[PDB]
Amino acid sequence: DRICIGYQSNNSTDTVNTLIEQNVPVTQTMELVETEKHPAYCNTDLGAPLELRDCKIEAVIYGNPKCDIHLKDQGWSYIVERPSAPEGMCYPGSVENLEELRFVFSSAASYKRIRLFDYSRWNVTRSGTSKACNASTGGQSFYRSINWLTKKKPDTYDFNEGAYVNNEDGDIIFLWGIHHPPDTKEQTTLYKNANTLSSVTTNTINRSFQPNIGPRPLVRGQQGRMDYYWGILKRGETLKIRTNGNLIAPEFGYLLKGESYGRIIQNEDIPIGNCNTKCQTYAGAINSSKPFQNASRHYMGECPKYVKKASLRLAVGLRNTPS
């Protein structure tokens, strides 16, 4: 008569590593690194991504007329910007604090485009266009958000000024530019005055600009340049503008609700998906159950920490050693 104490063995082929042994067979394990991903850009808690295939973020903000992009009023949780997108600032020149501007547009809990000025009311000729900024239909055009003012015909450009009061439900992003013609003849034909002062001011902003005449290298047909700028008009504040030439004046601003978090994905080949996820990595969506993931170091949402390991198997059962 005999009684024996024992433990279970099974047909598991699982192994784990321990601090003192490699590849120990065990009766059951569980994986701690999430390695499976849905290779697409999905909705998150904040909603749907905005895809930019042909336009850079700057182009849609300033409203490059080749940029059809529909920004919807629901807003967007993040921006997928294809690196191959050709259209940027159609009239050559660069945006001051460009990375910060892209940052403020990367998320929006909702979106509203606001008219700041009507240049009917101004003693200038309005809505100049350029072959550098062709519309998608074909003719020459200009940015939608800023308005190219030149001298009232036949030859007058006095100081013009106007004011906009932010009575809206948020902070407004507004945009402007300053044209630097390539020579004094072009300066006088466009603006009459050989030198001009353009001021953009708010309750807190105090900025002034004068043109620097001269030829720059040819870019997209142009030896002139624009410097582009942007600002934030807080609730209740006043935006005043004043110019006797060279100001590319603010016409449409943007009311974005929510804070921004720099959610910009610079990716060519992963598509927009029809899917929802708690965790969106830059390489695809993943479950967030496990404590680690090896999809990507960049991610949004409620995400496990990134590790560059193929697996981290935790022993659950026994050392698998049959009799």
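One rule holds for the numbers: they count along the sequence shown, beginning at 1.
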- As stated in the PDB record, which stretch has the larger average Cα B-factor, 196 to 204 or 120 to 128? 120 to 128
- Item | Residue stretch of maximal mean CA temperature factor, 63 to 71 vs 250 to 258 | 63 to 71
- Place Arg115 in the lowest, middle or highest third of its chain's C-alpha B-factors, as listed in the PDB entry. middle
- Note on the structure: Of the three thirds of the chain ranked by Cα temperature factor, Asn147 occupies the lowest
- Note on the structure: Split the chain's modelled residues into thirds by Cα B-factor; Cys55 lands in the highest
- Rank-wise, by C-alpha B-factor, drop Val33 into the lowest, middle or highest third of its chain. middle
- Query: In terms of the chain's CA B-factor thirds, is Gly88 lowest, middle or highest?
  - Reply: middle
